[PDB]
Structures are given as C-alpha cells and as structure tokens.
Amino acid sequence: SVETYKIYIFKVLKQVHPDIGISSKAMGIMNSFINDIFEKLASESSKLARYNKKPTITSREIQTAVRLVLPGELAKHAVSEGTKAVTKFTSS
Amino acid sequence: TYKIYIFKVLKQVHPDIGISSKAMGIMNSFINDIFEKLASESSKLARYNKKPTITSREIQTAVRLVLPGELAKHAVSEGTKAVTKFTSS
Amino acid sequence: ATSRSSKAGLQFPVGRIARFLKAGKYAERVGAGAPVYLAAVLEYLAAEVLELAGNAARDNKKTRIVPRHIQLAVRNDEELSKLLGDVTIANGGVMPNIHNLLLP
Amino acid sequence: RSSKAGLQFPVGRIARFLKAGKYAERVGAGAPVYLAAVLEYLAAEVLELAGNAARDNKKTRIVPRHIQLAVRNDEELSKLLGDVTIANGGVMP
Amino acid sequence: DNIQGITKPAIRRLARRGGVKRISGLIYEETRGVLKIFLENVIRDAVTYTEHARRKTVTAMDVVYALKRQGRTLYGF
Amino acid sequence: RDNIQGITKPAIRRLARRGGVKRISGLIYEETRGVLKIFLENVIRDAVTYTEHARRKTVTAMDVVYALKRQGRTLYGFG
Amino acid sequence: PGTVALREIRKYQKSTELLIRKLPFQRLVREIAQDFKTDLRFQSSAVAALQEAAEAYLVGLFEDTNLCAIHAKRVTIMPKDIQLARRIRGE
Amino acid sequence: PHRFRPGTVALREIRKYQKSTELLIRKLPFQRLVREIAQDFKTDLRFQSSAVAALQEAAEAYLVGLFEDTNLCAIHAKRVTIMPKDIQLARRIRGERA
DNA sequence: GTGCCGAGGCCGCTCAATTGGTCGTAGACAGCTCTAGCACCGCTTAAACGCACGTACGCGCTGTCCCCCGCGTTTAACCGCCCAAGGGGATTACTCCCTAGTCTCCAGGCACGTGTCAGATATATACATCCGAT
DNA sequence: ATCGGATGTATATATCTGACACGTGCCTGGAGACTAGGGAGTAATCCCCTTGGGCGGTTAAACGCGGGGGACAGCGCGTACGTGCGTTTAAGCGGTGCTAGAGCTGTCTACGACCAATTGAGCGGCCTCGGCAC
C-alpha cells in the first residue's frame with residue numbers, strides 16, 4: 001500500500017558495510033534524501049527539455065541535469081557511473 | 001509578447017504617459033515571470049492532492065501562497081469578480 | 001464571435017493564456033475558469049506597477065516611463081519590494097542612501 | 001529487468017515514476033537506467049560516510065546523528081545539503 | 001501571553017548550543033519576537049495548504065511543504 | 001593572463017561609491033578582484049553547460065539568464 | 001562568572017534532544033493559528049515538526065549573531081547583533 | 001591653492017553615482033576577463049554580444065549589493081573605513097561560501 | 001550487573017513490471033543560405049597612473065562602574081498515567097455535468113514602412129554652499 | 001558668531017536627433033459547434049485520532065545575593081588614505097571586410113506509446129534475541 005526505497009538502500013548498505021545495520025529514523029532520513037534528489041534531477045530534466053523544443057527525455061539530458069544539480073567532484077563521478085550502466089545495459 | 005495589452009492598461013491609468021522600449025522589455029519579463037510562478041504553484045497544489053485538473057481553486061491558493069498579504073487580498077477579489085462576470089454574463 | 005476577454009471584461013488575452021497553460025503541461029486537464037482568473041490577476045499586477053511607475057515619472061517631471069522609474073516604484077513600495085525582493089532591473093540604479101554617521 | 005545493468009535500484013519503478021509525473025511526453029530507454037544508477041551512487045556515498053561516523057562512536061547501528069555528522073564534515077555533500085535540517089541530528093561541535 | 005512560555009533558561013540553552021558565552025539581558029525580548037515572526041510565517045502557509053484540501057486538521061505534511069516553500073528542507077518528518 | 005587586473009582601482013571605487021562607502025582601505029582591491037572571479041566562474045560554468053546541451057558553439061543571452069535565475073538572481077531586461 | 005558557561009556550550013553541542021518544553025510550545029503554536037482559521041486541530045506529528053524547525057532556526061541565528069559580536073571585539077551578544085545578522089540574511 | 005577637506009569630495013561622488021544608472025566598468029577589459037574565464041570549460045567559444053552585456057550588468061548589481069553591507073559591518077565596528085574583514089563577515093553570514 | 005526491546009527474519013500474496021507485436025512520428029541527418037561574430041587599422045581624448053602633502057581616523061592603553069554569572073532555597077510547572085464519548089479523515093458509491101478531441105468561417109495581434117516629437121546636451125546665468133581667517 | 005571669497009549645482013535658453021507612434025500586409029489562431037468518455041462531487045459508514053477530566057511525581061523555573069570582569073569612555077600617537085596636479089596609456093569612435101556559425105527544409109529509418117498475458121517482484125503482518133541502555 002505504501003512503496004518506498006527501503007529494500008534497495010538496505011541492500012546497498014550491506015554491500016558497503018557488511019556488518020553495520022541501520023535504525024528506522026535513519027532509514028526514513030535516507031528515503032527522504034533519495035526522493036529529494038530524484039525530484040530535483042527529474043524537474044530540471046523536464047524544464048531543460050522545455051528550453052529546447054523537444055518532447056522526449058533521453059539520457060544525454062540526465063547528463064546535464066546532473067552537471068547542473070550536483071557540485072564539482074560529486075558530479076564528475078556520478079556522470080561517469082551513469083554512462084557505465086547505460087553501456088552495460090545496451091551492449092549486453 | 002504582451003506589449004499590446006500592457007500598453008492598453010497604461011492608457012487606462014495614465015492616459016498621457018508613454019513608455020520606452022526597454023521599460024516595455026522590463027514589463028514583459030515581469031509578466032512572464034509571475035505567470036510561471038503561479039502556474040507552477042498550481043501544478044504542485046494539484047499533484048499534492050492527486051487531481052488531474054487545474055481549476056480556479058488551484059489558482060486562488062497559488063495566489064495566496066505566492067503574493068504578499070495585502071497584494072494577494074486584492075488579486076483574489078479581482079479574479080473572483082472576473083470569473084463571476086464570465087459565467088453569469 | 002466575441003472573444004473570451006470581452007466576456008470576462010478584461011484587457012489580457014484569456015485565450016492565449018489558456019493555450020500557454022495547455023502547452024507547458026502543468027496538468028492533464030484545465031478548467032474553464034482557470035485562464036480567466038489567471039488573466040485577471042496578471043492584469044491587476046500590471047496596472048499596479050504601471051501606476052506607481054507613472055507617478056514616479058511625473059515626480060521627475062517627465063512624460064515617458066524608463067527603467068529607473070520602475071526601479072524607484074518597486075523598491076519604494078512594501079509588498080512589491082517583498083515580491084521582487086531578489087530581482088535585478090537592468091539599466092536602473094540603486095536609490096539614494098547615505099548613512100547618518102557619514103554626513104559631517 | 002534491472003539485473004542486466006549491474007544496479008541495485010528498480011529501473012522499472014523509476015520509469016513508472018518518470019512517466020507518472022508527466023515531466024515530458026516521451027521517455028527514452030536509457031533515461032531510467034541513468035537516473036537509477038546516479039541515485040544508488042549517491043546513496044552509497046552517504047551510507048559509507050555515515051557508517052564510518054558510526055564506527056568511531058563504537059556503535060554498530062547508524063542513527064540520525066551519524067548522517068548529520070557525515071554530511072557536515074564532507075565539503076561536497078554539505079554544499080549539496082546546504083539548507084536541509086536532519087531531524088534530531090544535533091549540531092557540529 | 002503564551003509568548004512568555006518560552007523561558008529565559010530555554011533561550012540560554014539555545015544560545016549555548018549556538019556557541020555563545022555571555023548574553024545581555026535584552027536578548028530575551030528580541031529572540032521572543034523574532035521567533036513569533038518566523039513561526040507565523042510558516043503556520044500561515046501550512047493552514048493555507050490545509051484549507052485547499054477541505055480538511056480541518058493540520059497534518060505533518062502541510063508543515064513540511066510550508067517549510068520547503070521557504071528554502072528550508074526537513075528530513076525525517 | 002592578468003586580465004583581472006583590468007578591473008582597475010578607480011572602477012572599484014566607483015562601485016563602492018554607488019554602494020554608499022566613504023573610505024576604502026588599500027587592501028580592498030585585491031579582495032574584490034578575488035570575489036568577483038568566483039561569481040563569474042559559477043555563472044559562466046552554468047551558461048556554458050546550457051550552451052553545450054543545445055549543441056551550439058555560441059554562448060547566447062538566455063544561457064546567461066537561465067544560469068542566473070537558477071542561482072537566485074533573477075534579471076529583467078534581456079528576454 | 002563564566003566558568004560553567006563553557007561547560008553548557010560543550011555538552012549541549014553533543015546532545016540531540018529538544019531544548020524547549022513541549023506543552024508551552026504547543027500552546028503557543030495553537031494561539032498564533034487562531035488568527036488564520038478558527039476551530040482548527042493539529043496532528044501530534046505536526047507540532048513536533050514545527051519545534052524541530054524553530055529550534056534549528058534559532059540555533060542557526062545565534063551562531064552568526066555571535067560572529068557579529070566578535071567582529072565588534074566583544075564577547076557579550078546584544079540585541080544590536082541580532083539585528084545586524086537578520087539585516088544581511090534578508091529577513 | 002584652494003583645497004577641499006578630506007571626505008567632502010567623496011560625499012558628492014556618492015550623490016553623483018547614486019543618481020546615475022550608467023555601467024561603471026570599461027567594456028573591453030570585462031570582455032577579455034569573461035573570455036579568459038570561459039576558456040577553461042570549453043575552448044574556441046563565441047559570445048553573442050548581448051550576453052556579455054547581461055553578464056556585466058548581472059555582475060555589477062552583485063558588487064554594489066555586497067559593498068552596501070560590508071559598509072554595515074564597518075559601522076557596527078565603530079568605523080567609517082572598510083577592510084577585508086567586513087567583506088568576509090558579510091559573505092559568511094550570507095552563506096556565499098561560508 | 002539487570003532487564004526488556006527494537007532490528008532482523010519469515011512470510012502468503014497480488015498486483016506490479018516483462019516479453020511480444022504494431023504503428024506512426026520523433027529523431028537524427030544532408031544541403032543550402034544569411035545572418036551573426038571576429039579582427040585589423042588609424043585617430044582622438046578621456047581616463048588611468050604616479051606623486052607629494054597633510055591630516056584625521058584607527059588603534060592601543062588606562063580607569064570606573066555596573067550588570068551578568070554562579071550558587072542556594074522555594075514555588076509551580078511540564079510529563080506523566082489513566083480515561084472520555086467528540087469529532088475528522090481518508091474509504092467507496094451511481095450519477096451528471098463538464099474536459100478534450102476534429103473540424104469551419106471569421107478573427108486578431110505580429111511584421112515592416114514611414115514621421116514628430118522631447119529629453120539631451122551645450123552655453124549661459126544666477127543662487128548656494130565649504131573654507132579659512134579672524 | 002558671521003562674512004566673503006571661491007568652487008558647486010540648479011534654472012533657463014536652445015537645437016537636435018532617433019526614436020515612440022501610428023499607416024499598412026498577410027498569416028496563423030482563437031472561436032464555434034458536436035460528440036465521448038469519465039472525473040467531478042456529494043452522498044453514506046466505519047473508525048482511528050483528535051481532544052478534555054481528572055492524580056501523581058520530579059523535575060525545572062523563579063527569586064535573591066555577592067562580587068568580579070567586561071563594556072565603554074577618554075586620551076595620544078602616528079600612519080595610511082584623500083585631494084589635487086602633471087604625464088602616459090589605452091578605451092572608444094568610426095571604416096574594412098570575412099570566415100564560422102545558427103536556422104530552415106526534406107527524407108527515411110529507428111524508436112517509444114499502446115495493449116494483451118504472465119509471475120515474481122514489492123508490500124503488511126507474523127515472531128525471535130541479541131545490543132546498548134540501562
């Protein structure tokens with residue numbers, strides 16, 4: 001009835017720190033952070049597609065939404081990882 | 001652009017004052033900025049309630065949220081007067 | 001073929017506002033009173049700013065509004081200075097302000 | 001689907017969210033993949049810092065205080081979360 | 001007179017968490033006035049967000065939206 | 001190059017006078033020269049991103065106005 | 001005079017708990033909503049969210065009110081410092 | 001010789017520059033500056049001539065706003081002269097970089 | 001030492017996301033044209049630059065007094081434990097006003113081509129103000 | 001004190017642009033009329049969740065009293081910045097071009113929305129048992 005990102009954050013945490021666990025308040029904090037970032041990137045992508053005259057949101061303007069929304073050294077890694085996935089998604 | 005209409009309003013309040021090209025550019029920018037603030041606030045208001053329609057209640061709440069107090073109080077009355085004249089007359 | 005504006009008794013383009021509301025995709029559907037309400041509000045704000053600017057132009061003994069007069073009218077008033085709190089009118093300039101402790 | 005990409009986040013749910021919010025008319029195929037990768041990356045960089053701050057306090061579970069400290073130490077995250085207030089995260093001493 | 005329910009020791013605790021060492025005795029009529037401005041800016045929007053929904057109860061989500069409208073984000077509810 | 005030095009001392013004094021200042025210390029100029037560069041770097045880094053998204057090779061005047069509106073600084077008078 | 005002051009500055013920056021008493025704050029937020037809408041009721045989590053934001057606001061304002069006092073070569077915060085801090089932040 | 005007392009020619013300058021609306025930096029050095037700055041993010045760029053104007057007029061409205069509150073920091077500290085301390089205080093409690 | 005509990009596991013499941021198949025229309029792209037931008041040259045003059053004096057403003061030192069801090073006693077408030085019988089809030093309902101499509105005559109400002117100021121600017125003329133010296 | 005020099009702004013003569021301001025022209029494009037489907041919206045029901053009636057109990061707040069240490073005023077010194085003057089650059093007016101963009105149109109292939117039939121992925125709710133707080 002209520003869908004969240006609990007499973008996926010928990011799996012990522014087990015992938016990073018195999019032994020640390022997480023309480024419920026911190027779990028809510030992390031869920032809210034992911035929702036906030038998703039909304040930011042998506043709204044910027046929509047508006048940036050609207051500046052040009054295109055009705056389609058491709059991946060190459062998730063690029064520039066990331067480059068506008070994320071600061072400096074954070075974006076240069078994120079962008080890279082994004083490209084990684086897409087390659088492994090298509091040349092699969 | 002809204003120029004034409006902007007000029008009309010001027011000739012209603014100051015029938016003897018003119019306006020230059022750059023002041024008209026300023027006024028155009030101001031109207032385009034306010035319209036987009038109100039239309040995005042209405043979009044959020046509709047999405048927070050899961051409704052697919054932007055009626056004239058989303059506009060009223062967007063005006064109350066966006067315009068400062070005494071300004072919003074008069075904008076609301078103007079708009080409701082317009083809608084009443086539209087439907088009744 | 002009477003236009004929507006004449007029915008609403010306005011000077012702004014109700015029909016063009018409705019088109020701008022549709023394209024730009026703010027929601028699936030748009031009511032029939034939304035563009036009338038929005039156009040009436042836009043006309044009100046325009047007339048507010050233009051009246052203050054015209055007064056400021058008469059005060060400077062002119063008969064043509066320029067950006068300086070818009071700057072003066074906006075930054076003198078209270079609600080308008082709150083609304084346009086962080087906007088830069090170009091080719092306007094700051095109003096006179098010398099602190100009391102610098103005069104002698 | 002989102003096992004062919006090496007991600008841990010749901011690409012299908014991301015696409016459902018993107019098409020529900022009506023950000024555009026058409027959504028490409030690489031867009032949910034890209035967006036789902038750049039979200040697990042940020043989650044993985046916040047969680048590692050929070051776990052490191054947990055380890056110093058001799059704790060084995062993360063709490064809101066640990067996220068607060070991890071966000072306020074690092075420069076990039078503090079620049080990104082510059083106006084957010086974590087509930088009962090205290091302050092940086 | 002509820003305003004006075006915020007007592008001098010509470011204000012000193014807040015200042016101590018801010019890093020302040022000495023506090024003048026005129027701080028506690030100034031803080032008590034900036035707090036009421038901040039708080040009535042937020043309640044006015046959180047009540048507007050409610051009316052729209054035809055509700056009679058201010059929920060914890062109206063308050064979060066009212067705070068986000070003012071540039072400050074609140075995680076964890 | 002030293003282009004920055006092309007923001008001369010008289011121009012900084014003119015800006016301070018429009019700001020209301022009566023006396024300037026002699027170290028203000030190298031502080032102002034440094035805090036202008038940061039502002040320009042941020043705005044230009046956003047403007048060029050907007051340009052390269054459009055596949056254009058000319059920074060135009062909305063790229064700048066969009067970059068400015070994004071960082072809290074709305075500008076009227078340029079479209 | 002000044003000793004314990006330090007201790008309080010230390011301890012309160014380690015804790016995470018709320019520094020205003022709950023019941024008077026609830027009573028205040030209820031009286032300053034009677035002038036927007038009569039006969040209103042609050043969820044219990046709606047009043048916990050207002051207190052978290054208000055206390056964060058006041059703590060954030062106190063710690064640049066303290067930079068202004070040090071800039072003027074003092075250690076005592078005065079109501080003149082709060083006004084300088086709010087003047088520049090824009091409030 | 002007829003001299004003015006220190007700080008009387010400065011007050012007529014404040015009145016002079018607070019009535020005009022002109023653009024107070026030289027045009028060419030500003031363009032060379034912005035081209036030098038943009039020369040990092042992308043090389044071999046072109047600037048539409050109305051964009052450098054927008055940049056200049058966005059950049060001076062920022063410095064004029066910063067100076068009129070580094071001058072509130074100086075008066076708070078019992079002075080009439082501004083030093084870099086005032087700029088740093090003003091920029092900190094604005095969060096410009098904190 | 002002492003409990004005594006929230007995090008993690010299990011789960012039965014059902015509705016979400018996958019595979020397959022069609023269709024119609026954005027993307028890419030190639031070709032051309034005309035703007036848009038950049039760069040070199042000579043001339044003028046206005047602004048920047050250096051310099052010397054001088055002064056008045058910043059900065060440090062000392063004294064006084066007042067108000068804020070630390071501590072102890074007594075009062076009163078918030079947090080606690082239990083309850084009312086209010087309301088309010090998210091549930092589901094046939095029913096009908098309303099939204100978008102698909103299209104026909106009339107609309108309804110955007111362009112470009114011309115003039116009449118009007119606020120700019122320069123010369124001239126007083127009318128007002130910093131300065132110094134008694 | 002004023003008082004009278006000596007440099008400033010403030011009123012009044014003009015011209016002089018170079019525009020704001022209205023003639024035109026086609027475009028699109030809003031308006032009008034039908035039809036379709038379904039989102040409003042206002043019923044009707046169960047409830048969780050919202051308040052007030054009242055004890056305790058244990059803090060925490062309020063009041064008062066030394067007494068010092070920090071704010072603020074005053075005074076002296078001297079150093080760095082303002083004012084004005086005589087050079088020295090270099091920005092800014094105009095003339096030449098001139099390639100390197102930005103804009104539009106025409107054409108086809110690939111790509112994403114829509115729709116049927118699966119099924120394993122998420123949820124909400126069962127119990128432990130260690131983990132940090134007592």
# chains A, B, ... in the order shown; residues from 1 in each chain; ligands from 1
call {"tool": "closest_atom_pairs", "arguments": {"of": "chain J", "to": "chain F", "cutoff": "9 Å", "atoms": "only C-alpha atoms (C1' of nucleotides)", "output": "JSON lines"}}
result
{"residue": "J:80", "atom": "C1'", "partner": "F:26", "partner_atom": "CA", "distance": 8.3}
{"residue": "J:81", "atom": "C1'", "partner": "F:25", "partner_atom": "CA", "distance": 7.4}
{"residue": "J:82", "atom": "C1'", "partner": "F:23", "partner_atom": "CA", "distance": 8.6}
{"residue": "J:101", "atom": "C1'", "partner": "F:57", "partner_atom": "CA", "distance": 7.7}
{"residue": "J:102", "atom": "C1'", "partner": "F:56", "partner_atom": "CA", "distance": 8.1}
call {"tool": "write_last_selection", "arguments": {"atoms": "C-alpha atoms (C1' of nucleotides)", "output": "compact mmCIF listing (two decimals), in the first residue's frame"}}
result
# COMPACT_ATOMS: atom_id res chain seq x y z
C1' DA J 80 47.68 55.26 5.71
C1' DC J 81 44.39 57.29 2.77
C1' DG J 82 42.16 61.53 0.42
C1' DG J 101 28.49 29.91 -37.21
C1' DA J 102 22.86 29.46 -36.44
call {"tool": "closest_atom_pairs", "arguments": {"of": "chain H", "to": "chain F", "cutoff": "8 Å", "atoms": "only C-alpha atoms", "output": "Markdown table"}}
result
| residue | atom | partner | partner_atom | distance |
| --- | --- | --- | --- | --- |
| H:7 | CA | F:22 | CA | 7.1 |
| H:10 | CA | F:22 | CA | 6.2 |
| H:11 | CA | F:22 | CA | 7.0 |
| H:13 | CA | F:17 | CA | 6.6 |
| H:14 | CA | F:17 | CA | 4.9 |
| H:17 | CA | F:18 | CA | 5.1 |
| H:18 | CA | F:18 | CA | 5.3 |
| H:24 | CA | F:11 | CA | 6.3 |
| H:25 | CA | F:11 | CA | 5.8 |
| H:26 | CA | F:7 | CA | 8.0 |
| H:29 | CA | F:6 | CA | 5.3 |
| H:30 | CA | F:6 | CA | 7.3 |
| H:32 | CA | F:3 | CA | 6.5 |
| H:33 | CA | F:3 | CA | 5.4 |
| H:34 | CA | F:40 | CA | 7.4 |
| H:36 | CA | F:3 | CA | 7.6 |
| H:37 | CA | F:41 | CA | 6.6 |
| H:38 | CA | F:44 | CA | 6.4 |
| H:41 | CA | F:45 | CA | 6.7 |
| H:42 | CA | F:48 | CA | 7.4 |
| H:45 | CA | F:57 | CA | 5.8 |
| H:46 | CA | F:58 | CA | 4.4 |
| H:47 | CA | F:59 | CA | 5.1 |
| H:48 | CA | F:60 | CA | 5.2 |
| H:50 | CA | F:61 | CA | 6.1 |
| H:51 | CA | F:61 | CA | 4.4 |
| H:54 | CA | F:61 | CA | 7.0 |
| H:55 | CA | F:64 | CA | 7.0 |
| H:58 | CA | F:75 | CA | 7.3 |
| H:59 | CA | F:40 | CA | 7.5 |
| H:60 | CA | F:15 | CA | 7.6 |
| H:63 | CA | F:15 | CA | 7.1 |
| H:64 | CA | F:19 | CA | 5.1 |
| H:65 | CA | F:19 | CA | 6.9 |
| H:67 | CA | F:19 | CA | 5.4 |
| H:68 | CA | F:19 | CA | 4.7 |
| H:71 | CA | F:21 | CA | 6.4 |
| H:80 | CA | F:23 | CA | 6.3 |
| H:81 | CA | F:23 | CA | 4.7 |
| H:82 | CA | F:24 | CA | 5.5 |
| H:83 | CA | F:25 | CA | 5.5 |
| H:84 | CA | F:28 | CA | 5.8 |
call {"tool": "residues_around", "arguments": {"residues": "segment 18-29 of chain A", "least_positions_apart": "6", "cutoff": "7 Å", "atoms": "only C-alpha atoms (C1' of nucleotides)", "output": "ChimeraX atom specification"}}
result
/D:51,60-64 /E:75-76
call {"tool": "closest_atom_pairs", "arguments": {"of": "chain C", "to": "chain G", "cutoff": "12 Å", "atoms": "only C-alpha atoms", "output": "tab-separated table"}}
result
residue	atom	partner	partner_atom	distance
C:81	CA	G:90	CA	12.0
C:82	CA	G:91	CA	10.3
C:85	CA	G:90	CA	9.1
C:86	CA	G:90	CA	9.8
call {"tool": "residues_around", "arguments": {"residues": "residue 19 of chain H", "least_positions_apart": "6", "cutoff": "10 Å", "atoms": "only C-alpha atoms (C1' of nucleotides)", "output": "MDAnalysis selection string"}}
result
(chainID C and resid 68 92:96) or (chainID F and resid 18)
call {"tool": "atom_distance", "arguments": {"atom1": "atom CA of residue 72 of chain A", "atom2": "atom CA of residue 35 of chain D"}}
result
18.2 Å
call {"tool": "select_by_dssp", "arguments": {"residues": "chain D", "states": "helix (DSSP H, G or I)", "output": "count of residues only"}}
result
53
call {"tool": "closest_atom_pairs", "arguments": {"of": "chain H", "to": "chain G", "cutoff": "12 Å", "atoms": "only C-alpha atoms", "output": "Markdown table"}}
result
| residue | atom | partner | partner_atom | distance |
| --- | --- | --- | --- | --- |
| H:65 | CA | G:88 | CA | 10.3 |
| H:66 | CA | G:88 | CA | 9.7 |
| H:67 | CA | G:88 | CA | 11.7 |
| H:68 | CA | G:88 | CA | 10.0 |
| H:69 | CA | G:88 | CA | 6.9 |
| H:70 | CA | G:88 | CA | 9.5 |
| H:71 | CA | G:88 | CA | 11.1 |
| H:72 | CA | G:84 | CA | 7.8 |
| H:73 | CA | G:84 | CA | 8.0 |
| H:74 | CA | G:72 | CA | 9.0 |
| H:75 | CA | G:72 | CA | 9.5 |
| H:76 | CA | G:72 | CA | 6.6 |
| H:77 | CA | G:72 | CA | 4.6 |
| H:78 | CA | G:72 | CA | 7.8 |
| H:79 | CA | G:72 | CA | 10.1 |
| H:83 | CA | G:71 | CA | 11.9 |
| H:84 | CA | G:71 | CA | 12.0 |
| H:85 | CA | G:71 | CA | 8.2 |
| H:86 | CA | G:71 | CA | 8.5 |
| H:87 | CA | G:71 | CA | 11.6 |
| H:88 | CA | G:71 | CA | 10.5 |
| H:89 | CA | G:67 | CA | 7.6 |
| H:90 | CA | G:88 | CA | 7.2 |
| H:91 | CA | G:88 | CA | 9.2 |
| H:92 | CA | G:64 | CA | 8.5 |
| H:93 | CA | G:64 | CA | 6.2 |
| H:94 | CA | G:89 | CA | 5.5 |
| H:95 | CA | G:89 | CA | 8.6 |
| H:96 | CA | G:89 | CA | 10.7 |
| H:98 | CA | G:64 | CA | 10.8 |
call {"tool": "write_last_selection", "arguments": {"atoms": "N, CA and C atoms", "output": "PDB file, in the first residue's frame"}}
result
ATOM      1  N   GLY H  65      25.646  45.427  -4.278  1.00  0.00           N
ATOM      2  CA  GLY H  65      24.941  44.868  -3.144  1.00  0.00           C
ATOM      3  C   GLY H  65      25.851  44.368  -2.043  1.00  0.00           C
ATOM      4  N   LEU H  66      27.018  43.849  -2.417  1.00  0.00           N
ATOM      5  CA  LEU H  66      27.974  43.396  -1.412  1.00  0.00           C
ATOM      6  C   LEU H  66      28.622  44.573  -0.691  1.00  0.00           C
ATOM      7  N   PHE H  67      28.910  45.665  -1.407  1.00  0.00           N
ATOM      8  CA  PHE H  67      29.539  46.818  -0.763  1.00  0.00           C
ATOM      9  C   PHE H  67      28.600  47.519   0.204  1.00  0.00           C
ATOM     10  N   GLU H  68      27.314  47.554  -0.086  1.00  0.00           N
ATOM     11  CA  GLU H  68      26.423  48.269   0.808  1.00  0.00           C
ATOM     12  C   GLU H  68      26.056  47.463   2.049  1.00  0.00           C
ATOM     13  N   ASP H  69      26.631  46.269   2.230  1.00  0.00           N
ATOM     14  CA  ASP H  69      26.501  45.591   3.513  1.00  0.00           C
ATOM     15  C   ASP H  69      27.843  45.189   4.126  1.00  0.00           C
ATOM     16  N   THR H  70      28.963  45.428   3.441  1.00  0.00           N
ATOM     17  CA  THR H  70      30.303  45.354   4.072  1.00  0.00           C
ATOM     18  C   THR H  70      30.437  46.735   4.714  1.00  0.00           C
ATOM     19  N   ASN H  71      29.570  47.695   4.341  1.00  0.00           N
ATOM     20  CA  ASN H  71      29.550  49.003   4.969  1.00  0.00           C
ATOM     21  C   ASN H  71      28.600  49.054   6.155  1.00  0.00           C
ATOM     22  N   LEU H  72      27.801  48.006   6.369  1.00  0.00           N
ATOM     23  CA  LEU H  72      27.073  47.869   7.627  1.00  0.00           C
ATOM     24  C   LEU H  72      27.924  47.181   8.680  1.00  0.00           C
ATOM     25  N   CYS H  73      28.833  46.307   8.249  1.00  0.00           N
ATOM     26  CA  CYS H  73      29.796  45.679   9.139  1.00  0.00           C
ATOM     27  C   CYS H  73      30.818  46.661   9.683  1.00  0.00           C
ATOM     28  N   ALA H  74      31.243  47.638   8.888  1.00  0.00           N
ATOM     29  CA  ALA H  74      32.185  48.650   9.337  1.00  0.00           C
ATOM     30  C   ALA H  74      31.590  49.611  10.350  1.00  0.00           C
ATOM     31  N   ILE H  75      30.322  49.990  10.183  1.00  0.00           N
ATOM     32  CA  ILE H  75      29.656  50.872  11.132  1.00  0.00           C
ATOM     33  C   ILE H  75      29.289  50.138  12.412  1.00  0.00           C
ATOM     34  N   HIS H  76      29.061  48.827  12.333  1.00  0.00           N
ATOM     35  CA  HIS H  76      28.848  48.035  13.537  1.00  0.00           C
ATOM     36  C   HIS H  76      30.098  48.003  14.402  1.00  0.00           C
ATOM     37  N   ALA H  77      31.269  48.102  13.779  1.00  0.00           N
ATOM     38  CA  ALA H  77      32.544  48.015  14.473  1.00  0.00           C
ATOM     39  C   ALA H  77      33.129  49.382  14.791  1.00  0.00           C
ATOM     40  N   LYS H  78      32.309  50.434  14.737  1.00  0.00           N
ATOM     41  CA  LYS H  78      32.690  51.784  15.138  1.00  0.00           C
ATOM     42  C   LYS H  78      33.719  52.409  14.196  1.00  0.00           C
ATOM     43  N   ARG H  79      33.549  52.245  12.891  1.00  0.00           N
ATOM     44  CA  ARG H  79      34.472  52.781  11.901  1.00  0.00           C
ATOM     45  C   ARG H  79      33.706  53.431  10.753  1.00  0.00           C
ATOM     46  N   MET H  83      37.570  47.346   5.618  1.00  0.00           N
ATOM     47  CA  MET H  83      38.705  46.456   5.401  1.00  0.00           C
ATOM     48  C   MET H  83      38.176  45.112   4.916  1.00  0.00           C
ATOM     49  N   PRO H  84      39.060  44.182   4.530  1.00  0.00           N
ATOM     50  CA  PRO H  84      38.575  42.870   4.067  1.00  0.00           C
ATOM     51  C   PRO H  84      37.802  42.083   5.111  1.00  0.00           C
ATOM     52  N   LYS H  85      37.994  42.387   6.395  1.00  0.00           N
ATOM     53  CA  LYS H  85      37.237  41.729   7.450  1.00  0.00           C
ATOM     54  C   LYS H  85      35.747  41.896   7.232  1.00  0.00           C
ATOM     55  N   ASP H  86      35.338  43.084   6.793  1.00  0.00           N
ATOM     56  CA  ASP H  86      33.923  43.371   6.605  1.00  0.00           C
ATOM     57  C   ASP H  86      33.353  42.559   5.452  1.00  0.00           C
ATOM     58  N   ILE H  87      34.113  42.437   4.366  1.00  0.00           N
ATOM     59  CA  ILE H  87      33.674  41.612   3.249  1.00  0.00           C
ATOM     60  C   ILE H  87      33.536  40.162   3.683  1.00  0.00           C
ATOM     61  N   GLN H  88      34.488  39.668   4.469  1.00  0.00           N
ATOM     62  CA  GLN H  88      34.433  38.270   4.876  1.00  0.00           C
ATOM     63  C   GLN H  88      33.290  38.010   5.851  1.00  0.00           C
ATOM     64  N   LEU H  89      33.039  38.930   6.782  1.00  0.00           N
ATOM     65  CA  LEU H  89      31.876  38.795   7.654  1.00  0.00           C
ATOM     66  C   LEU H  89      30.590  38.779   6.845  1.00  0.00           C
ATOM     67  N   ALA H  90      30.441  39.741   5.930  1.00  0.00           N
ATOM     68  CA  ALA H  90      29.220  39.829   5.146  1.00  0.00           C
ATOM     69  C   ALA H  90      28.998  38.576   4.319  1.00  0.00           C
ATOM     70  N   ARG H  91      30.037  38.082   3.658  1.00  0.00           N
ATOM     71  CA  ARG H  91      29.902  36.885   2.850  1.00  0.00           C
ATOM     72  C   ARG H  91      29.696  35.631   3.680  1.00  0.00           C
ATOM     73  N   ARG H  92      30.184  35.605   4.902  1.00  0.00           N
ATOM     74  CA  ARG H  92      29.940  34.439   5.708  1.00  0.00           C
ATOM     75  C   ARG H  92      28.492  34.410   6.129  1.00  0.00           C
ATOM     76  N   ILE H  93      28.002  35.462   6.771  1.00  0.00           N
ATOM     77  CA  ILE H  93      26.629  35.355   7.258  1.00  0.00           C
ATOM     78  C   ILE H  93      25.603  35.562   6.152  1.00  0.00           C
ATOM     79  N   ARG H  94      26.030  35.573   4.888  1.00  0.00           N
ATOM     80  CA  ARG H  94      25.153  35.337   3.745  1.00  0.00           C
ATOM     81  C   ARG H  94      25.227  33.904   3.233  1.00  0.00           C
ATOM     82  N   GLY H  95      26.271  33.159   3.582  1.00  0.00           N
ATOM     83  CA  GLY H  95      26.464  31.825   3.075  1.00  0.00           C
ATOM     84  C   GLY H  95      27.066  31.743   1.690  1.00  0.00           C
ATOM     85  N   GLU H  96      27.612  32.846   1.169  1.00  0.00           N
ATOM     86  CA  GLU H  96      28.064  32.887  -0.217  1.00  0.00           C
ATOM     87  C   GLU H  96      29.114  31.820  -0.472  1.00  0.00           C
ATOM     88  N   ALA H  98      30.561  30.597   2.998  1.00  0.00           N
ATOM     89  CA  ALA H  98      30.590  30.182   4.400  1.00  0.00           C
ATOM     90  C   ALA H  98      31.867  29.420   4.755  1.00  0.00           C
TER      91      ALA H  98
END
